[PDB]
Amino acid sequence: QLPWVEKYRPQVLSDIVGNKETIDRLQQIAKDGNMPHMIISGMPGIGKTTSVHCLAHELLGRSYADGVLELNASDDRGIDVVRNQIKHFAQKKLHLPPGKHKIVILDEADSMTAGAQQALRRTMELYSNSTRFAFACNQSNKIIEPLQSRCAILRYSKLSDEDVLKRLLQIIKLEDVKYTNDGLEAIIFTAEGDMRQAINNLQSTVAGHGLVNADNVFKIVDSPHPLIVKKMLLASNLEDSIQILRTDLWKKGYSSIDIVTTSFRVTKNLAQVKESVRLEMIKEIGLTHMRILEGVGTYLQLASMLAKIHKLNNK
Amino acid sequence: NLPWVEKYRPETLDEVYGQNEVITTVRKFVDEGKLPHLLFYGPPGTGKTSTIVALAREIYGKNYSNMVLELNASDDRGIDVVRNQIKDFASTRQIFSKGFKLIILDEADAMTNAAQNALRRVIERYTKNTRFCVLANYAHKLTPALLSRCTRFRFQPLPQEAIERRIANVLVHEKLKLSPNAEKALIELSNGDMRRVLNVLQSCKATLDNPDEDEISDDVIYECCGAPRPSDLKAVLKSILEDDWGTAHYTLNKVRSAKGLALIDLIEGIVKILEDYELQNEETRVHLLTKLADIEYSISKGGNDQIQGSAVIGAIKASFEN
Amino acid sequence: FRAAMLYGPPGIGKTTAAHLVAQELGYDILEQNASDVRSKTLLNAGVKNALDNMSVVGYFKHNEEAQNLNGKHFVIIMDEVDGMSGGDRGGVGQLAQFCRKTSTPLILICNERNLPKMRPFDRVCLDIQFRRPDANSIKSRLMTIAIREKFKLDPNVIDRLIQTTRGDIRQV
Amino acid sequence: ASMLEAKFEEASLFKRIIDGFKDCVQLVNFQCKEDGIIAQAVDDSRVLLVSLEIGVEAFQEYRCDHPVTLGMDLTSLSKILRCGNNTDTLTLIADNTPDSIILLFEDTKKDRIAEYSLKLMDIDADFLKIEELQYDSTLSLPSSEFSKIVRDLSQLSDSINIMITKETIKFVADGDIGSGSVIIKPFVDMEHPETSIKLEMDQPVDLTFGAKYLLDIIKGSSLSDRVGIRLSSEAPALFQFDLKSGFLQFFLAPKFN
Amino acid sequence: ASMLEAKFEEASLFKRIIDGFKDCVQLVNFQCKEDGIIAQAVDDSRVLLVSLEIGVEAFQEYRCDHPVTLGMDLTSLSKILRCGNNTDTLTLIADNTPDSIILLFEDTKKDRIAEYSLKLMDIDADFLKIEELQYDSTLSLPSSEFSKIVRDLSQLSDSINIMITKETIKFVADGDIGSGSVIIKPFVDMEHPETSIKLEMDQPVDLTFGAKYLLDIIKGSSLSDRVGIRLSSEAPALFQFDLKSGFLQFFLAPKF
Ligand SMILES: Nc1ncnc2c1ncn2[C@@H]1O[C@H](COP(=O)(O)OP(=O)(O)OP(O)(O)=S)[C@@H](O)[C@H]1O
Ligand SMILES: Nc1ncnc2c1ncn2[C@@H]1O[C@H](COP(=O)(O)OP(=O)(O)OP(O)(O)=S)[C@@H](O)[C@H]1O
Ligand SMILES: Nc1ncnc2c1ncn2[C@@H]1O[C@H](COP(=O)(O)OP(=O)(O)OP(O)(O)=S)[C@@H](O)[C@H]1O
Ligand SMILES: [Mg+2]
Ligand SMILES: [Mg+2]
Ligand SMILES: [Mg+2]
């Protein structure tokens, strides 16, 4: 076996589908050569590490093995490491083309201690002629102010439905798997902008049931079906909604967090009802979510959420 | 003298009940030799740990102690242990092994974001030389990157058949007699948790059996585990509904004091009883559910219990006027 | 005051101004940063011995022409003093003691002066405050950079960049 | 396809050369020209300058087509040079536009060849030119006695005062637990010339140096048995150790009054 | 009397035997039988397997009616052996219900009886399982040169790659400060057989080892003056130091 999130990883900067302007800027940087220190921030699973990896590859060509120092969460990143190894790598002699430079790729920089990030300022400022730093973090708020001041911030937005759909189309074209539009829509729904999670769910569905159909996708994701959730959030009488929640969703052992998240994601795409009622139902669902997350996942909370949703949909 | 929670533990795969859907799949997986990282998540008292230890035993034979690394919750694992111990165990090659090593983390949902990132990176780096298994009670508390690396398996609580079969088995290996309504009370109070059943059974065995042959009634099983009683619940409900304020308040205080019950159990039982009533107005149900959920959320933060009890009484009374 | 203490928001010109002031008067700069192990013993051995010495670089570079009589001296620039982490035990106390009993100019640079960690530097050092530069100077500098880089920018975009950067010149 | 090929007749020569000043210098540039090897480097505190000249008469084979600069750390160099045994020949090789340097250890009567690679370190060389000055005092004394005097005086205080007056050397140290003084008089010995103290002076001088710098300098007393000292009232002291084909010079600046 | 009586020729022999695996093993159980003493143990990381055997030829008086197990700590045993002069003779004496082993240093001209008791820490984890007897390549070379090359290449990295091609033994190391390659060739020296290099090759081999375990192995260089190495792919390598009446062998596991 081989994970499809690892076999179909983009190795060139052009294969990455997503934010077009940032990718164009990175392509121009790789074509020119003058690359500055950069912090890449964004949500998980939208191609942050892969982006800087393809950037370093296209920049260094055959020198990736000698002019790239990658540090992830597995390696030790303390005071001694930053003071010794990074410093000795920055001063390391290397003959490169006039535009290229050495690259230090620090993945998950938001996990590095403040003291360790402190000892990198002068290291990255004094050796700016032969060393360029590339940090990759999920939260740009945990990086100290001098570091954020020294490098340019590149924000990555969540993936739209069209780009994920095109990537899945390319994957199924190259993999020769049978599918339907309903299964693709279900995968886009359950992926909520996570390309890696989308590819993983597609591979799981293919390996489990072969045919990519909405039923198989919602069976392998082990989440409440959006159809029955929409039926619960649109009943005319509150009694039928409570019965649907009791017999069909609560008896099957579904987690309250999963039920609330599915109701949230269904109310967002419920194009039938108006905008104000959608926003208010989303507010109520989020209040119920906050109540559940605070240590009380009682069925009474979901019952009250349904009661409020019904009262708001009737008023 | 070993506990029934530990004595009746399934030592192999065929002795876990109510989880056939996952048992057949894991059997096929260990028979095809394509065992990936497994994320066993679900409510407690279901059989995750027993299933995984039985699988590890069936795979490794006598090499269990040398080829299986059992790791637990926080245990002072800030960033150090996941960085050194797990990494070495995944990197250290055994001396006479033909295969891969297994590291099983129990209730690993309590790890911090940095620890979860370190763990997922370790899994990514050594996915070819070892396999990982993570146990969890809530799959939402884990980083969405760790989920996309392994295969998930939800452990839906045991149905009635598995629990009654296990009650039969524990009655075979122990001289106890159980009343027909005793097993009904047990399955109603268990909520599909075998651990609590095996905990409550030994307690009643220890306390009640003077000649080791008595009959366990609903009274003792309700008293030991500290659970409400349906008759008492209905009496409190009727007293709140029909009688006036002084009498209903006094009855509620007497019930919640002379038996040692908490307001959370009273509220959930009251709403469970009210679920099936044929009330005329729907605004009644709306107000009832809203106010009861508000009272429960406020109780969750530890207020003055008398005030929330009076508020429960007032809400129940004021909702039934339409 | 024996020692001067520079502080202010990040990227406003502390290190640049310090280095330029030290290099204009003909002095010799001995700079130490957070990327060096400034413990108690290393400060007692490394820098303490160089407190009252003369530069061999400043001597062998140029000492024959009557340019200045302080070219054989030291300006000790301790940069990023607020960044001494847990791997530097006793560094603050030893640096406060070095703020006295010295014979050469000692300039300390930090970001937050009112931090409780920087307490021992209460009265022993002259602390002047660097503030966020005004928008006009940043606009003039950006216009100079643009006219040197051969590109024209709308003065509204420059003001909006100054607003989003909150005064950081290195950031703009 | 190599620029320079250098062949040391003994492997221990370069080992001792590097060990002589590996305690005061961390990064160092080696300028390889047709005349030999020249390498100068300032201390981390910019108080002790180390210069080293190894002429072509010390290499068994030495091409050095055109001058090159090899910047390398002394710690890794001492770690690499430590491997070789006594009965081996050492060969230094640098490729065109060198990113590393090759050190070969070969045996005279065995096919055991040990090749090591060392990654060069980029160093912004602030090359300062040193001119010959008329030092007020110039002398030479056995390196063992000088190292003994330094190790003896440095235990009392952190500053050693050297005074040359009336054909008399005086090393004094004023500490907290007390004081210490050592007086040296020049004399010649016909049976053992290596135990004779030379003296040439123009004006009496008085200088003050640190204890750590002297303790670091005296460690190079394993290259030659006689060390030369040049002192001036306004110039940094010069401590010279002569090698059979060059020298090693330590420029140490005095303290203030 | 005693069931177990074992006398050595000198005292510096057991000293170096215990010094052999003093850095990779904490506790060990010696099996005393009629044919001599045997022992084996594994490290806490389960990578290095030490096996010691000494027959009845290195001893002078050996009497053990039935095999006995002595599980004892090595650190305290070395602390005890440190007090022994090079002119004494050790006499291990053991009785029924083994709970305390008695060492006795005795001289033959001056009356110096040094008796020391040592408690027995029983672990009951023997697990003696040896299966492989056929290796891909074999070689023998002076232990001094091996230890020299090991502790010379250990500074550059943590993984040393030993590869045996056609009559060219090669040790490689690659790290951050540089690289290192030691290439040796077999040769027979008639003037000194102890400085010869013997090699038997069936197939070319190439495999890596850890620097820490190799440094722990080379610490047993005081036993003999010539070490034997047996390499075989997908098989633990064997490092053997012979002895006048036995051997000390380390089984090492390769890396990835
Ligand atoms: N824009 C994209 N186009 C194509 N494939 C993508 C894209 N973004 C992600 N992927 C796929 O998702 C896989 C994993 O994405 P990663 O870049 O490793 O995640 P990430 O951006 O680093 O976020 P983290 O590491 O979880 S914080 C890649 O190997 C790709 O196969
Ligand atoms: N399916 C089952 N069949 C029989 N006994 C079970 C079953 N599940 C649990 N038990 C009993 O309950 C004990 C504890 O089970 P565990 O596997 O530890 O529960 P769990 O699913 O791991 O959830 P935890 O441990 O509370 S996080 C076992 O030793 C058994 O005695
Ligand atoms: N007043 C200024 N005018 C022009 N450029 C400036 C000015 N201040 C800072 N810069 C730019 O910012 C760069 C670095 O400024 P520094 O003074 O070194 O930052 P800093 O004050 O030390 O703050 P830290 O140390 O990062 S917290 C300089 O090389 C200039 O390019
Ligand atoms: Mg990443
Ligand atoms: Mg368990
Ligand atoms: Mg600065």
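These residue numbers are counts, starting from 1, taken along the chain as shown.
Note: Cβ is positioned from N, Cα and C throughout, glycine not excepted.
As recorded in Swiss-Prot:
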- A:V5, A:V17, A:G42, A:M43, A:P44, A:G45, A:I46, A:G47, A:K48, A:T49, A:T50, A:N138, A:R196: ATP binding site (BINDING)
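Sequence-distant neighbours of A:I46 (ATP binding site) (same chain, six or more apart, CB under 8 Å from its CB) are A:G18, A:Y156, A:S157, A:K158, A:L159, A:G193, A:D194, A:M195, listed in sequence order.
Proximity to chain B, defined as a C-beta distance under 8 Å, is registered for the following binding-site residues out of A:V5, A:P44, A:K48: A:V5, A:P44. Counting only same-chain residues six or more apart in sequence, the Cβ atoms lying under 8 angstroms from the Cβ of A:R196 (ATP binding site) belong to A:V5, A:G45. Around A:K48 (ATP binding site), the C-beta neighbours below 8 angstroms that are at least 6 residues distant in the chain are A:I40, A:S41, A:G42, A:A136, A:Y156. Other Cβ atoms within 10 Å of the Cβ of A:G42 (ATP binding site), summed over all protein chains shown, number 22. Around the Cβ of A:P44 (ATP binding site), the same chain contributes A:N138, A:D194, each under 8 angstroms and 6 or more positions distant in sequence. All protein chains considered, the CB of A:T50 (ATP binding site) has 18 other CB atoms within 10 Å. DSSP assigns A:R196 (ATP binding site) to a helical segment in the three-state reduction. Note on A:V5 (ATP binding site): other Cβ atoms within 10 Å of its Cβ, all shown chains, come to 18. In the three-state DSSP scheme, A:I46 (ATP binding site) is classed as coil.
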